[PDB]
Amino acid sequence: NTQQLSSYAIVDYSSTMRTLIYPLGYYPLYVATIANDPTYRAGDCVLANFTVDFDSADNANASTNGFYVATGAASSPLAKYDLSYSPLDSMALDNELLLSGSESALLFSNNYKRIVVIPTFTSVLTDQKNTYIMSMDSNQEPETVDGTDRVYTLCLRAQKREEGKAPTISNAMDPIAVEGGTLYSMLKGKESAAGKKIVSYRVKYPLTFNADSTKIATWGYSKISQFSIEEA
């Protein structure tokens, strides 16, 4: 009868100050346990697991309420980063790490926008901690990528902050949240002026170093991610 989903989501207030979760690809949800949990605050991103009972008395007026009542739980909030408009060169950062993936999506809520990005690593140690820099060149002209026109490129780089310990974890993922509000406003302005209804972007990341690890030699790229810039 009921089916569980897991989706990244933003915690936020509705227009009447109810705490809801706004999952990527789903409707807004009221989860009473999350709304009363001091681990969270509006603007946080989480991985939520939830179930909606479409036949409940609480969901009889969901259309007028503007949310579904759901049960579930969520992860700890994702680490938060700014989106930097200071592009970097190929020189390696201190304690820089190579990545093996960086899929992402722009999430929307009532009051916030966040890019959720999932940097992946060939290997990490248990309890390793990283910090990140998401940057881009605001003067860049978008380009055609694999048949998609006007694709913008963001860059994700990582630095090791804590070494961690054995055992080694392969193909480790470290979901993070990046501020998306000013990126959205800027790309909406550029792409609406170009007569477009969407924005297309990808995330590049370091794939290999040069021989002495002083520079990035090659880069990897995420799949293209898109979001609408049409509003009500």
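When you see a residue number, it is the position in the sequence shown, counting from 1.
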Original post:
Higher mean Cα B-factor in the deposited model: 21-29 or 213-221?
Top reply: 213-221
Original post:
Comparing 102-110 with 86-94, which stretch shows the greater average C-alpha B-factor in the deposited entry?
Top reply: 86-94
Original post:
Per the coordinate record, which of the options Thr168, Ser200, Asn49, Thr39 holds the highest CA temperature factor?
Top reply: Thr168
**OP:** For the C-alpha B-factor as written in the entry, point me to the maximum among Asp174, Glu179, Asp44, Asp58.
**Re:** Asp58
Original post:
Against its chain's modelled residues, does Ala35's Cα B factor rank lowest, middle or highest third?
Top reply: lowest
Original post:
Relative to the other modelled residues in the chain, which third contains the C-alpha temperature factor of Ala73: lowest, middle or highest?
Top reply: highest
**OP:** Just say lowest, middle or highest third for the CA B-factor of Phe54 relative to the other modelled residues in its chain.
**Re:** highest
Original post:
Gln226's Cα B-factor: lowest, middle or highest third of the chain?
Top reply: middle
**OP:** Name the third of the chain's ranked CA B-factors that contains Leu154, choosing lowest, middle or highest.
**Re:** middle
